[PDB]
Every structure is written in structure tokens, then in C-alpha cells.
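The structure under discussion appears below in the form of C-alpha cells.
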Amino acid sequence: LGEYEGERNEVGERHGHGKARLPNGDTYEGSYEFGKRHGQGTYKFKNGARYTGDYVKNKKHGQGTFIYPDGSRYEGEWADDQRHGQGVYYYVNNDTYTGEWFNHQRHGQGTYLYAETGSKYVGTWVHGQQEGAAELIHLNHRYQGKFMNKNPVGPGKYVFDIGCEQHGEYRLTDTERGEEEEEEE
Amino acid sequence: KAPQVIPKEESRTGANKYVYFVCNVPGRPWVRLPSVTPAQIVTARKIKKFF
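For the protein sequence lines, the chains are Q and R, in the order given.
The opening residue of the first sequence carries number 17 in the deposited numbering; numbering runs sequentially from there.
The opening residue of the second sequence carries number 411 in the deposited numbering; numbering runs sequentially from there.
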């Protein structure tokens, strides 16, 4: 048995705002529709995870922030089906993804920062793995090719901040074969 | 979750057995080259850059 505060109907349908504790032990804050939740509020889990958001129809919704048990965090928009669009996620090892989202997996155009190296990936995503029409950004290198699961593939090219452009062919999984084209810019 | 850094070996039984002095043209003063760290070998082996 939990407990609750805020205004309510004589039936028991809450329609106010306040703190609350649920039967399964965890506490939260937020507003209320007649028998449902909304408003900014804040959720607190037993494991230390937290959520602030719109809470539409008692579902994860709207612009907000979620702090997961493993120390990773999110800020961005959510919807009922774990959807979608612009947002940012920060990983346990200080890496950061910023871009489109879908059903809790990375999807569409987006950016991933490799905080250990400082380089970035910028490209299309589907269901978490990498895809082509993409761009890695190193300190002096830019590929500018195609990707498949995790590694580059296909007729890509390495662009440099010297005034050079090197084409290539990732024929194997992690080996490049080069062409004679080294044209400027 | 940063990785564990592997410490350098200042002892003479490692990569730093021999000190190295580098000079650009003879007669110029010799530059005391730094010591080796394993981070400075790997993943530094993977890069390959002109001097």
C-alpha cells in the first residue's frame, strides 16, 4: 500500500499536484488528470534512477531527462513507443550521442562523440548499428565513406585538412585498398 | 569508466635501458630525448607519421 497527496475528487480520482509513494516502494512527484498522471514532476527509482518529463497518459513522453542506474544519462524528447527525434545521450565512459532517436535505439541522422579520442562519428543510424552516408571526424582525417555494423566499407575517401583528398576501397572488413586519386581539397 | 593506465618503466631493464640523445646537425647541443611510456608505444604503434 502506497500513499499520495494533492487535490482529488470524492471518488478518489486525483486531479491536483504533489508527491506520492507507490505500493512497489518507489516515489515520485507530478500533476494529475482524473485517474492519470501528467505534468513535469520527477520520478525516483529504488536503484537511484530518475526521470523528469511530461508523463503523458502515465507514459514516458515529452522533452525531459532520464538518469539510468548505470550512471548513463539522456536528455531529449520521448513518446509512448520510446519515440523519437532529437535528443542527447551520455554514456558511462563520457562518450556522447547527439541526434535522432527511435524506439530507444539510435536511428536516422545523428552524431556520436568518442570522448576517449575526441573524434566524432556523424551519419545515419538504424537500430543502434552504423550505416553509410556517414562521416567520421578525427583531428586531421575525414571519412567520408560508408559503414556496415561497426566498420567502414565501400568506395569511401579520406579527406584531410592539408588540401588533399584520398579515395579508397574497404574491400575487407578492416583493411583499405587505395586508388591513385590524391586530388586537392 | 576510463581504462587502466600501464605505468612507465624507468628501470634500466625495460625500454629505457639506454638513454637517447638527438641532434639535428653536428655541433648543435644534444637534446635529451624523453623516456618511454607504454601508452607512447601502443596505440602509438598504430599511427605512422613523418618527422
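For each residue, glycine too, the CB sits at the ideal point set by N, CA and C.
{"Check": "Would you mind stating whether Q/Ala131 and Q/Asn165 have Cβ atoms separated by less than 8 Å?", "Outcome": "no"}
{"Check": "I'd like to know if Q/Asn109 contacts chain B, where contact means its C-beta is closer than 8 Å to some C-beta of that chain.", "Outcome": "Among the protein chains of the structure shown, namely Q and R, there is no chain B."}
{"Check": "Please report the Cβ distance between Q/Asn74 and Q/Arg99, rounded to the nearest whole angstrom; I am assuming they are in contact, meaning their Cβ atoms lie under 8 Å.", "Outcome": "That pair is no contact at about 16 Å."}
{"Check": "Please list, in chain order, all residues of the same chain as Q/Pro85 whose beta carbon is under 7 Å from its beta carbon, the five residues on each side excluded.", "Outcome": "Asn63, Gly64, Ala65"}
{"Check": "Counting only Cβ pairs nearer than 9 Å, list the residues of chain Q close to R/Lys411.", "Outcome": "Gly87, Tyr107, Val108, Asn109, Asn110"}
{"Check": "Could you compute how far the alpha carbon of Q/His157 sits from the alpha carbon of R/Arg422?", "Outcome": "38 Å"}
{"Check": "Residue range of the beta strand (DSSP E) that Q/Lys62 falls in?", "Outcome": "Premise fails: Q/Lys62 is in no beta strand (DSSP E) and is neither H nor E."}
{"Check": "Once DSSP output is grouped into helix, strand and coil, what is the label at Q/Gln98?", "Outcome": "coil"}
{"Check": "Touching or not, the region 444-459 of chain R and the region 413-421 of chain R, by the rule of three or more beta carbon pairs under 8 Å?", "Outcome": "yes"}
{"Check": "Between Q/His54 and Q/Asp70, is the Cβ-Cβ spacing less than 8 Å?", "Outcome": "yes"}
{"Check": "What is the rounded straight-line gap between the Cα of Q/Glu151 and the Cα of Q/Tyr137?", "Outcome": "6 Å"}
{"Check": "Leaving out five residues on either side along the sequence, give the residues of the same chain with a beta carbon under 7 Å from the beta carbon of Q/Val142.", "Outcome": "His123"}
{"Check": "Taking the alpha carbon of Q/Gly51 as the reference point, which residue from Q/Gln145, Q/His33, Q/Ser135 has its own alpha carbon closest?", "Outcome": "Q/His33"}
{"Check": "From which residue to which residue does the beta strand (DSSP E) around Q/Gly161 run?", "Outcome": "157-164"}
{"Check": "Please tell me whether Q/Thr81 and Q/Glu93 are closer than 8 Å, where the distance is taken between their beta carbons.", "Outcome": "no"}
{"Check": "What whole-angstrom Cβ distance do Q/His183 and Q/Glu201 have, given they're in contact under 8 Å?", "Outcome": "Incorrect: roughly 14 Å between the Cβ atoms, too far for contact."}
{"Check": "Give me, in chain order, the residues of the same chain whose beta-carbon lies closer than 6 Å to that of Q/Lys35; leave out the 5 immediate sequence neighbours on both sides.", "Outcome": "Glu21, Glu45"}
{"Check": "Looking at the structure shown, is Q/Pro171 part of a helix, part of a strand, or coil, going by DSSP?", "Outcome": "coil"}
{"Check": "Quick one: grab the DSSP three-state call for R/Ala454.", "Outcome": "coil"}
{"Check": "Which residue spans inside the region 75-159 of chain Q form an unbroken alpha helix (DSSP H) run of at least 4?", "Outcome": "none"}
{"Check": "Determine, using beta carbons only, whether Q/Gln160 and Q/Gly144 come nearer to each other than 8 Å.", "Outcome": "no"}
{"Check": "Measuring straight from C-alpha to C-alpha, what distance separates Q/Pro171 and Q/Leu129?", "Outcome": "24 Å"}
{"Check": "Using only CA atoms, which one of Q/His154, Q/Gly194, Q/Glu199 lies nearest to R/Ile457?", "Outcome": "Q/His154"}
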